[PDB]
């Protein structure tokens, strides 16, 4: 039976476990073994969780950063009770009324129950007011009634049990460039370099020119200007093979120490990766395609059986003005006064690490000595220390320790970045991986998105091995969740097949007939079973039950993305949800953008500013494949501004097209609120697109909800890849209630944008650190530091608050006149 588990893991993660064994790699063998035990311990520790502690695992509380209707029922019968509680009351008080009424009806304690949202994997519990749970707030703003279900602890325990599995070497370092066998048309050079992060340990050495028609020989010694004893634990030997008369050919990196801290000897064949000159941030593992990849055979001198010194023998061995790059005389000053840093400037650790002589072991030993006695840093400081610019393992481990105090909501917000950092790791076994795995096994919602973040990039060879092992390890921690995720993969597998059929059919057949054929294909037994009854990959708390084939369709645009609607006779209206399956686009940029907008939303509302944003879900699931959450009861600006006849939004002037639409959806007194929702949401996405630099904003990639809420879609383009600010007049026409003159509901809108802009400025370092880590993703519009510089200037983080606010209004003033 252990085999089927092994078999469905292989099917799930998208690569056979036999391939792991086929490598015969001791490092791989150690990773799988060591973490299988760790995840199985967490599995046995998880199930020791009491029934309440189990709720916190499987269904973590969804909290947002006067009376109301609430109906509640029990699991046994479908007979219901509608109570009238306040938004102040605890779920306990509500459960008390539910039991008391049940008593009265049937014959005649609340702590033994939990409130489940109808038809969703979301629960209401704890000592929180009802208006703290986001489901209740979602009902308050929608005007719907919260339908809850009294779930006893005995059935919750049933849910639990059902998921059941030397400094002596002072001679110069050097190598032996032997052979390899390439491809080009001239002469050829091999430039090698030693790196500790993004900067060199010493001066790079180049090979001697050797003819192209080769498969060559060099057998040339490359002596580096650095002692062997001074090689840091995380030193990288980076090669660069290129032709010259400059045409780059290939690159390859290598650690000088294995995962067992042993100095490497001797000969090694380096299967290089194609290029675009040195690439120090690249992977340290060779090209898996050993058939086509050019190799580079080197040899490492036997300098003795030496290992990198244990930490125990390492421990043996004008500033405030320049606190906001640095000059050499300033670096000297920071390093000289390094003890005062630890004592009085604890969070200035990053700066102190950047002035540390990493090419000299004595300076590193002293630095590591201070780090071992260094006070815990805030989350924001630790996020910076995760970057590749701090490649030392003990530093990366220290940053992890400062991130152990991450709340699950914080971790969820930063998870995308933390996963991309795994690409900076030099070894499979690292503190970051175990932290991610540990938190994923403690929180099913974290584990859900951790999986899909790894599974989405299994098509990428340089991370296929690492991500595949981590997912396998997680599966050991929960065989049940593995089955749940596998149900999601089978649905996505059918959607892929369905979309291929739609793509082909729509090119040789009209849309209505294609949509008709789409329906017939979906009505197949294998499609009905695969696409139904599953946890939405976009949101595991959202259940996708019965698929409404009649409500399913596709768009006439390039990739013909699918529109799949769902319904549930258990969730009521909260079950009528939809997903958008798109195949062909790199949805990674949309996910990042929407996550950052979501972050802005959190930062705004925990300051008391609810700009009524619509951060819909967007999750890449495979190679240029992913899902997008359907925003119900909405429409694009362009479709509304079509001024379609025979309707209610038909206007005498195109200016009134959008305003007439709102009044048709919000009759009478309901209008005034829709105007506000529009005004708030407009100011939000406005500031959001300016900061993130989202250009190409037109009426086709901008939508509006019937409640009035304005929201943007299809973010392929951020960080100006320089974008001015984007204020069209028809939106202003709505904000000013239609009248051409309306200063106070416009200046108030102006105040909305400015406050929303200043709030993001104070959290500017958060956006800087997160984007810096996201450079590891390999996103085309986020690779160089000039993309980062854009965010610096959009937030004006080098300037004072009113200096930036003054400048912020300048472009605001420019946007209103070209309007």
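Residue numbers count along the first chain shown, from 1. By rigid core we mean the largest C-alpha set that fits within 1.5 Å across both forms.
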Exercise for the section: State which stretch is farther from the displayed form on average in 9 other deposited structures of this protein, 376-384 or 71-79, counting RMS CA distance after fitting on the rigid core. Expected result: 71-79
Practice task
May I ask which stretch, 136-144 or 541-549, sits farther from the shown form in 9 other deposited structures of this protein once every structure is superposed on the core, judging by RMS CA distance?
Solution key: 136-144
Problem - residue 117 dropped in a third or more of the other entries - result: no
Handout entry: Unresolved residue 213 in a third or more of other entries flanked by modelled residues
Key = yes
Handout entry: Count class of coordinate-free deposited residues lying between the neighbours residue 213 and residue 214
Key = none
Completion exercise
According to the PDB record, deposited residues with no modelled atoms between residue 317 and residue 318 number 10 or more
Practice task
Compare the mean C-alpha B-factor of 483-491 with that of 224-232 as given in the PDB entry, and name the stretch with the higher value.
Solution key: 224-232
Fill in the blank from the handout: Entry B factor averaged over C-alpha atoms, 654-662 against 448-456: higher for 654-662
Exercise for the section: Tell me, please, which of 566, 412, 424, 746 has the highest C-alpha B factor according to the deposited entry? Expected result: 746
Problem - Among 553, 389, 164, 535 - the residue whose C-alpha B-factor is largest in the record - result: 164
Practice task
Place residue 22 in the lowest, middle or highest third of its chain's C-alpha B-factors, as listed in the PDB entry.
Solution key: middle
Exercise for the section: Using the B-factors in the PDB entry, rank residue 110's C-alpha atom against the chain and give the third, lowest, middle or highest. Expected result: highest
Handout entry: Relative C-alpha B-factor of residue 282, binned into the chain's lowest, middle or highest third
Key = lowest
Completion exercise
Sorting the chain's modelled residues by C-alpha B-factor and splitting them into thirds places residue 299 in the highest
Completion exercise
By the entry's values, the third containing the CA B factor of residue 519 is the lowest
